[PDB]
Structures are given as structure tokens and as C-alpha cells.
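The chain below stands alone and is given in C-alpha cells; this is the form deposited in one PDB entry.
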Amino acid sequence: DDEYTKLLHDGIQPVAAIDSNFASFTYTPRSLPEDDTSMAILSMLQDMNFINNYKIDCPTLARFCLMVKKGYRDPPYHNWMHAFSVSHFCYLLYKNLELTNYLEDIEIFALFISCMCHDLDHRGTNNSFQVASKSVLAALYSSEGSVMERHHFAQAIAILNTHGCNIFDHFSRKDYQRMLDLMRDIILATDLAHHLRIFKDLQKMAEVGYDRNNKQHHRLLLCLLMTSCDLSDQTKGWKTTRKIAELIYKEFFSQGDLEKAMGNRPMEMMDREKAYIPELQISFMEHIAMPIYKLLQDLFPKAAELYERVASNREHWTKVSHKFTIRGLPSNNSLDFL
């Protein structure tokens, strides 16, 4: 593979050379060509100075990065570009929110690596599908819940344990353990069921105020930051959120079609004959995404622009909802669709 050759021998490019706006909340990482993303991951790790901080072997890191990228499939939304954009948001939080005042370096490093790995081997199907379709993943994990998230973590472990890919193998036995426990907790935090379970604890933390000496506050904050990274497409301009909604519903409806094919009745949001996209997106933005970015703003006043963009995008869904009702004739002037 020549992609590895270049990552290894060309040198780690400075982040500023990628784009003048690369470290800004206005930057859209999906604009970066996919062939430049692995070098961008090295550039971000170097700019956060984790390579020198942790004495990471650059050939091992290059192999690890390429293995993680190869570990993603190509469903419409849950692909490497999603993992890359999530990792890029983690980097933006580091650069704009001064995370070093709240978390340990090892926790921030674990959060970034978790962002890269958090949807490994996603097939475009959700946790409920695994159980309903009686998949091997359900057989392995259904009794413990968070089926896909347990699989994503297991895939990350399998990559670390691949010859020449263990970026942490020189860590002390305490730090190596710490890193795996952090990756496990952070990846499991991407299940909506987990976020709903900890939501009251997040509210309590934001209410009492963050305590850097409280180990449970560090853990809760990492969960909040991970979910803020995972939903970060919603903090970009309208155009980005509109295209990402297209990708998500294409993926969801392909799942619903598989379910109908197996004789199952899919949930309304996975059924292309029932799902009403503006109501579903408004519910997601108002009840799930906005409270996450509002908690982020409560803890970090500099995150106010993120919450304001999510609120602005939520308002835009109300503004264009009327377009889902066909007034007049369709574009082709035909009633053939009837």
C-alpha cells in the first residue's frame, strides 16, 4: 500500500497548511478530500502534541490510523468520513475550549482515539436491528445491551492487538489499563440509552459546577464531550445538516426495507412509507441535540456559538417543514405518482 508509504516517509504536515480555518468551529471537515484525512489525523495529534507527550512511534501510529480507516464500511452515514468529522470536532474542542483546564492529558488523548474508533465496522443498522434480525452481534452482546457500541470497542481492541498497530504498547501497565478503560467507557457513551441514563447526573454536574478534583465529573464530562462530537454535524451550517439528514435517513430506510423483507414491522423512523423527516429532525434537535449543547455551554461559556447554531438549524426545520406537503403539481407536472 502506497498510502502507508506516503504517511510514513513524507513527514507530518503542519495543521495550518490543511486550511486557514481548520481549527475553527465554522470549518466543515467533510470538505477535506477523503485521501487527505489520514494525514490530517497525524497533523491534529501532532498539533495537540500527543505524539511527543506520549512518545508515540510514528510508523505504528501511521499503521494504526490506516487500520482504523479501513475498519469502516461504506453505509450512507456511518462511514470513515463520519469518524473523521467526529475526531475533527474533538480537536476543535481541544483548540477552542481549553480542555486541559478540565481533563487530564491522557483523558483527552483517549477521547480523540475513541472518536476515531467509535463506530468501527458499523453496517448501517442500529442496536434493535441486531436483536430483531438475530445477528451474530446480538448473540455475542444483546444480554449486556449497547450491541453495536460493544462491537465498536471490540474492533478497536482487535486493531490494537494487530501486529505493528499497538500505539500504546510502551505505556506503563497502569496507563495501558487506563487507556483501554477510557476507550471502553467513552465508546459505550455513544449509545443514546447510555446518554439518557446519565442525563440527570450531567444536569447535576452543570448545576453544582465542574469540580476538577472529582473523578466522577471527569468521567461524566468525557461522556458529554463524546456525544457532542458524535452529533457535531448539527453545529455546522444548514447545508451540512441537510446533507447529513439525507445520509442518515437513506441509511435508516435501507434498514427498514431489510426488516420488512424479514417479515418485521420497522419503527416509524426506519419506515420510508411512514417516517415524516421534519417532525423526526425537530424532535431530535429540540429534545436530544439542543440539551447536550446547552449543557456544553453551561460548562464552557465559549461553547455558546455551538448551541446557537444547533438552535438556528432547529428553527430552519420549522421554516422548511411546509415543503414536505405537495402544493400545486410536482416538478414534472405529473400526477402519475398517484
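The numbering used is simple: start at 1 and walk along the sequence shown. Residues that one form lacks are left out of the comparison. Take the two forms, superpose them, and find the largest set of C-alpha atoms that agree within 1.5 Å; that set is the rigid core.
Comparing 112-120 with 206-214, the stretch with the higher mean C-alpha B-factor in the PDB entry is 206-214. Looking at 135-143 and 179-187 together, the entry lists the larger mean B-factor for 135-143, computed on C-alpha atoms. If you compare the C-alpha temperature factors of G263, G256, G71, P75 in the entry, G263 comes out highest. Residues shown: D35, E286, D271, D47. Highest C-alpha temperature factor in the entry: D35. The PDB entry assigns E98 a C-alpha temperature factor belonging to the highest third of its chain's modelled residues. Ranked by C-alpha B-factor against the other modelled residues of its chain, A158 falls in the middle third. Among the modelled residues of its chain, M267 has a C-alpha B-factor that falls in the highest third according to the deposited record.
Placement of the Cα temperature factor of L295 within the chain: middle third of the modelled residues, per the deposited record. In this PDB entry, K174 carries a Cα temperature factor that places it within the highest third of its chain's modelled residues.
The same protein has a further form, the form deposited in another entry, not shown here; the description that follows concerns it.
No residue of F84, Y91, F109, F129 other than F129 has its CA displaced by 2 Å or more between this form and the one not shown when the core is superposed. Comparing the forms between this form and the one not shown on their rigid core, the Cα displacement of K236 stays under 2 Å. With the core held fixed, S143 shows a CA shift of 2 Å or greater between this form and the one not shown. After superposition on the rigid core, the Cα of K274 moves by 2 Å or more between this form and the one not shown. If you compare C-alpha positions, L137 and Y77 are 3 angstroms or more closer together in the other form than in the form on display. Shown here is a form in which the CA atoms of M148 and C65 lie at least 3 Å closer together than they do in the other form.
Every Cα shifting by 2 Å or more, across three or more consecutive residues, marks a moved region; comparing between this form and the one not shown on the rigid core, these regions are 121-150, 258-262, 267-275.
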